[PDB]
Amino acid sequence: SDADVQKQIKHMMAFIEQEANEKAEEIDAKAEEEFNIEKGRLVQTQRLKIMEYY
Amino acid sequence: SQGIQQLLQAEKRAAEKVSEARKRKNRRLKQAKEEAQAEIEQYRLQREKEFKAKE
Amino acid sequence: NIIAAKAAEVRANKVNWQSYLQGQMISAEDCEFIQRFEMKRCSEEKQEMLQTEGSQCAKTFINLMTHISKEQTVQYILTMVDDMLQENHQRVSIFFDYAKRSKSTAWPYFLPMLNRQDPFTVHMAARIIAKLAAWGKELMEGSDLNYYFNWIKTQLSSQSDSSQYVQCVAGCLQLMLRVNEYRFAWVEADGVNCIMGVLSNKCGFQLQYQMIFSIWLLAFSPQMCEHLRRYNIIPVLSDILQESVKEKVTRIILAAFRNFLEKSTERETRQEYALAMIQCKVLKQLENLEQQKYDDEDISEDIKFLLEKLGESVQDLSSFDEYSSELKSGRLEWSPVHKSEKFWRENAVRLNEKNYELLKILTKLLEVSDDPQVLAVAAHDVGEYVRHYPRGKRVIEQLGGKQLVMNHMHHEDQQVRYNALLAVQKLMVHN
Amino acid sequence: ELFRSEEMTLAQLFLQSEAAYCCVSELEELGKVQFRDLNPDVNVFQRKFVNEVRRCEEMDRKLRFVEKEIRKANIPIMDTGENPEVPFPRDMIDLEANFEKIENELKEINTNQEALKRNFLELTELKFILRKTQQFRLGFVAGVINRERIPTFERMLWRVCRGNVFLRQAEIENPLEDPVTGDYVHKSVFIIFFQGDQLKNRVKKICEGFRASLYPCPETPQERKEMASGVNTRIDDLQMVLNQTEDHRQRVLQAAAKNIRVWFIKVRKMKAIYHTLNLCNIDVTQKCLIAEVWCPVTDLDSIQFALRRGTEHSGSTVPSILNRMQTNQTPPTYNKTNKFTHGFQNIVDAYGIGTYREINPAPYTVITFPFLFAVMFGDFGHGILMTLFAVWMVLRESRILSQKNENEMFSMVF
């Protein structure tokens, strides 16, 4: 029936939008690790200069 | 067919969401150098208190 | 899949809160707050309510989940808290503030809901716990962490609604593994060995991605990259690259492989992983992927990264010094150097060094070795030595190696016979 | 009913990428669907499955090479069993590694067999050359030639040298094989003696001129014994390796003579599948394949079953369900046929194809064409002879169907 086709269309539309959220979590979790590393680089760099000064 | 039209609109929204997520998370990565200062100042304050205790 | 459909049925199936107040199961404040949740609908109205009355917000939801045995009601309350936090992760602070006011961690308010009978209810508990624990500044630790991880491992290892509930288990684990403390804490779980089993048992592509995504999270830490070598990750994931069509599965495997070669503590451990990838056909699988185009270029960048790093490993192993080292230690084990055409073409003369030392080793191994693999490798090397340096034929005869390969061409193993036959054929090519 | 062309439906489907391969294969086993091409830009590098088709194209060439070598050796191909398509997982890559294994084994083993056989024959000549030469500042050369060249060879030595050369020809105890043609020829040894380097170059130049095979030899009978022991060692070695070389070649060809039928079916099916998948398209954000087809209305269920079967044989749950279309062009014209009706349809179709649902001329033709032909051709004796031949073709049909397609005249009447 055209209604069962529409249920398949809805399922496929929801599926790619769920995949978008999973890809966004992939981009996010990667970028959080890069963020943690980049924050850590500058923290340890200035923390060494602070330790040397004191 | 309306099915391919609706499917392409969901697939377009999906592509937009991940492209916007890339731009958001790239901008967030640039904030790491500004957010670092909150810990850096605490390490300064910790060494300063220890230094005063040594005096 | 099914949990989202069930959550929508549960949002339609609203309960009469006033009957729980009339039956004395809940307080007037709990009933009045949860009734206002169904009237404060816009983002501002919700935010004003929860931010102004945060202690009562936590108290309401905790009481209504805890004191009610009616499963359909606890499905609804768990759906509303999952939604409330899904709209904004900052809202976890309400439950942590109530836990601090009540002189407790937050976990004991939610952890009892993992013991419910309804599968959707316990997975909705797992979801709200995963949000609370992964986005919260308070850390789940000790008995609470072990209990929730044991719940995850128990449900995950059970692997169509059953498999779709297990996708929700994997999603809960993926949220948790965002936190580095939870990543290291999970290393002690056999759940990684369970994942290797479930992948080896050919589960659906959705679970393949969700499991391998969890492995990719572990692969960000240098220490875990060294420690997790025990699980034989690459053999499994390389078969998944050959078998599964899906770009998501492909991409996350490429990212995991990239993470192992990038993040491992030592060049030797990076090379150990790259060697295992070369052995597990990964270079050839990458070449077939590299020529393709995709809606996401991160696949191509990870392919180029891996092919470069495996290329460096091939060039490193192609050194005559590595060949000499493997021979000196007797490690004749199909290392990529044995079939590097560049190595033999440009260096085969070096085997004559220290009065034929390496050739003496090959002939000694062909005389002494029982292992058909070592014999076959030694024969292969004699054949390639002659192939790229035909002057060596007379030396191999002088060392007795001609007779040894002529014995081994009648060995009980076809792989020995084949390599011995190639070797003896090259020895008889010219005078 | 076959009085008119059968009802056809244009349909569109959304095809799940992992199941897609299995779906197309079930549809090709069903054999009731025609794919609409969605790619006017399709070409060798624009076809979405470049590598998969290219792998199939090369794998077929590898099969052709191996099969020809087996057929040149007259080794019987097994040609047995019925084989399904290769699965959607790229086990075809492990098959390609097996194809390369056989190919490289045959190339290497043939190359080695030829070289070793040549060396063996050359040392066989050298055994006789040494044995004859051992009977004898001077200089000399020695070698072997086909006996028929000796008169011109000897006369040219007596012409290039001004009447001065010592020669002894000696016949071999048996003819010896030519390394290229395999001809066993009655060759003879020769030894030529002279003084000085000037004569050395003349005798050598004439030996090269008649393509005579020269060989080195020691100066004395005593050193010739040591050389003959070396030759015995090398020729015995060559025999031992030739035995296993030929044995291995035989194993490789024998294994391949079984594998080829299976591998041929597998590769040809894969190529057809991937070629069909190249008719589907993917827009700038698209994930599920767009495809469109013509199918008989009676068999929309048969294709929907085939689509479900493809999914059930795959790592996914999506049934890839189709819809009927409304923006319809005129569908391709079809009629079901059997052994009897097929020929009578072909003689209409050869002139023209009806529009959709048009009256079919063929059922009327089944009798009317035989009747008019018989009115033109009517003779009792020819009627018997024609009947006997047609009956023979039917009663031996199972045997006759195996015969060569290249006889187009016989294929027409059959």
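Averaged over C:244-254, how many beta carbons belonging to a partner chain fall within 10 Å of each residue's beta carbon?
Per residue, the average neighbour count from other chains is 3.
C:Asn146 versus C:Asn115, label points 7 Å from Cα toward the beta carbon: distance in nm?
1.7 nm
Count, for each residue of D:110-123, the Cβ atoms from other chains sitting within 10 Å of its Cβ, then give me the mean as a whole number.
Average per residue, whole number: 2.
Sort out for me the Cα centre separation of the stretch B:24-54 from the stretch C:74-104, rounded to whole Å.
Cα centres, the stretch B:24-54 to the stretch C:74-104: 30 Å.
Run the helix sum for chain C: -39,500 (n - 2.57) per DSSP H stretch of 4+ residues, divided by residue count, reported at 222 nm to the nearest 500 deg cm²/dmol.
Mean residue ellipticity at 222 nm (helix-derived): -22500 deg cm²/dmol.
Sequence neighbours fewer than 8 away in the same chain don't count; with that in mind, list the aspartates and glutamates whose C-alpha is under 18 Å from B:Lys54.
Once the sequence-local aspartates and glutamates are set aside, what remains near B:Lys54 is A:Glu52.
Quick check for the stretch C:339-431: number of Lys pairs with alpha-carbon distance under 16 Å, counting only pairs 8 or more apart or on different chains?
Final tally of qualifying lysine pairs is 7.
Provide the net charge surrounding D:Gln169, with neighbours chosen by a C-beta distance below 15 Å and charges set as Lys +1, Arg +1, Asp -1, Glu -1.
That sum, taken over residues with Cβ under 15 Å, equals +2.
Quick one: which of C:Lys100/C:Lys137; D:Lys72/D:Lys258; A:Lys10/B:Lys12; A:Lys7/C:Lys248 span more than 19 angstrom between C-alpha atoms?
A:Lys7/C:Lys248
Over all residues in D:283-295, what is the mean tally of Cβ atoms on other chains that come within 10 Å of each residue's Cβ?
4
Run the helix sum for chain D: -39,500 (n - 2.57) per DSSP H stretch of 4+ residues, divided by residue count, reported at 222 nm to the nearest 500 deg cm²/dmol.
-18500 deg cm²/dmol, from helical runs alone.
Take the alpha carbon atoms of the stretch D:38-102, find their center, do the same for the stretch D:157-236, and report the distance between the two centers in whole angstrom.
51 Å
Give me log10 I(q)/I(0) at q = 0.06, 0.09, 0.13 Å⁻¹ for chain D, Debye formula, one equal scatterer per alpha-carbon, no solvent.
-0.54, -0.81, -1.20
Pick out, in residue order, every one of the GluC sites (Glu not before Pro) in the stretch D:199-303 that is DSSP loop and has at most 12 other C-beta atoms within 10 Å; say none if there are none.
D:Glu219
Cross-link partners among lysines for B:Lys52, C-alpha distance below 22 Å, same-chain residues fewer than 8 apart left out?
A:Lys49
Just the projected area, averaged over all directions, of the convex hull on the alpha carbon atoms of the stretch D:336-378: how many nm²?
3.4 nm²
Over the alpha carbons of the protein assembly as shown, what is the largest minus smallest coordinate on each principal axis, giving the biggest first in Å?
Sorted largest first, the three principal extents are 136, 116, 43 Å.
Once you order the gyration tensor axes a ≥ b ≥ c over the Cα atoms, which shape class does the stretch D:373-414 get: rounded for a/c under 1.5, otherwise prolate or oblate by comparing a/b with b/c?
Oblate is the answer for the stretch D:373-414, as a/c is 1.5 or above yet b/c matches or exceeds a/b.
Would you mind pulling out the separation of the Cα centroids of the stretch C:221-296 and the stretch A:11-29, in Å?
23 Å
No Cβ is skipped: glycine too gets one built from the backbone with ideal geometry, and neighbour counts run over all protein chains shown. Laboratory data are not the source of any read-out in this text; all were calculated from the coordinates shown.
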